[PDB]
$ cat target-v8.txt   # compact mmCIF, C-alpha atoms and all ligand atoms
# COMPACT_ATOMS: atom_id res chain seq x y z
CA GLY A 1 0.00 0.00 0.00
CA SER A 2 0.83 3.76 0.12
CA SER A 3 0.20 6.89 2.30
CA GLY A 4 -2.51 9.57 1.69
CA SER A 5 -5.51 11.48 3.17
CA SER A 6 -8.35 9.10 4.25
CA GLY A 7 -10.69 8.14 7.17
CA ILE A 8 -10.01 5.49 9.88
CA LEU A 9 -10.08 1.95 8.37
CA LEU A 10 -12.54 -0.73 9.60
CA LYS A 11 -11.59 -4.45 9.09
CA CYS A 12 -13.39 -7.72 8.24
CA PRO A 13 -13.71 -10.06 11.34
CA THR A 14 -13.80 -13.28 9.19
CA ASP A 15 -10.99 -15.90 9.29
CA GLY A 16 -8.71 -15.96 6.17
CA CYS A 17 -10.15 -12.57 4.97
CA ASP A 18 -8.00 -9.42 4.35
CA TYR A 19 -10.69 -6.77 3.52
CA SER A 20 -10.77 -3.21 4.97
CA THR A 21 -12.79 0.01 4.29
CA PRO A 22 -13.33 3.50 5.90
CA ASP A 23 -17.18 2.98 5.71
CA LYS A 24 -19.37 0.96 8.19
CA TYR A 25 -22.08 0.19 5.55
CA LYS A 26 -19.49 -0.89 2.89
CA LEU A 27 -18.17 -3.29 5.59
CA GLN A 28 -21.72 -4.66 6.30
CA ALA A 29 -22.16 -5.11 2.50
CA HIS A 30 -18.85 -7.12 2.57
CA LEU A 31 -19.98 -9.34 5.56
CA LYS A 32 -22.80 -10.57 3.19
CA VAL A 33 -20.00 -12.13 1.01
CA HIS A 34 -19.30 -14.56 3.92
CA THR A 35 -22.87 -15.10 5.32
CA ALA A 36 -24.48 -15.68 1.84
CA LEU A 37 -23.52 -16.96 -1.68
CA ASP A 38 -25.18 -16.67 -5.16
ZN ZN B 1 -14.28 -10.48 4.63

$ encode --input "target-v8.txt" --output "structure tokens"
Amino acid sequence: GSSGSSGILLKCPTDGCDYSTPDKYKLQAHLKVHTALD
């Protein structure tokens, strides 16, 4: 990665995952990738 102006990062709680985002609702929309599949 690299440095720059952004918010505080939130992280995925799931085992073997590496995802992070500055938004709480983008994170909830990512938790659906582990709790459901289509
Ligand atoms: Zn994840």

$ atom_distance --input "target-v8.txt" --atom1 "atom CA of residue A:15" --atom2 "atom CA of residue A:3"
26.3 Å

$ residues_near_ligand --input "target-v8.txt" --ligand "ligand ZN 1 (chain B)" --cutoff "10 Å" --atoms "all atoms listed in the file" --output "PyMOL selection string"
chain A and resi 11-20+27-35

$ residues_near_point --input "target-v8.txt" --point "(-17.9, 4.5, 4.0)" --cutoff "10 Å" --atoms "only C-alpha atoms" --output "list in words"
residues 7, 8, 9, 10, 21, 22, 23, 24, 25, 26 and 27 of chain A
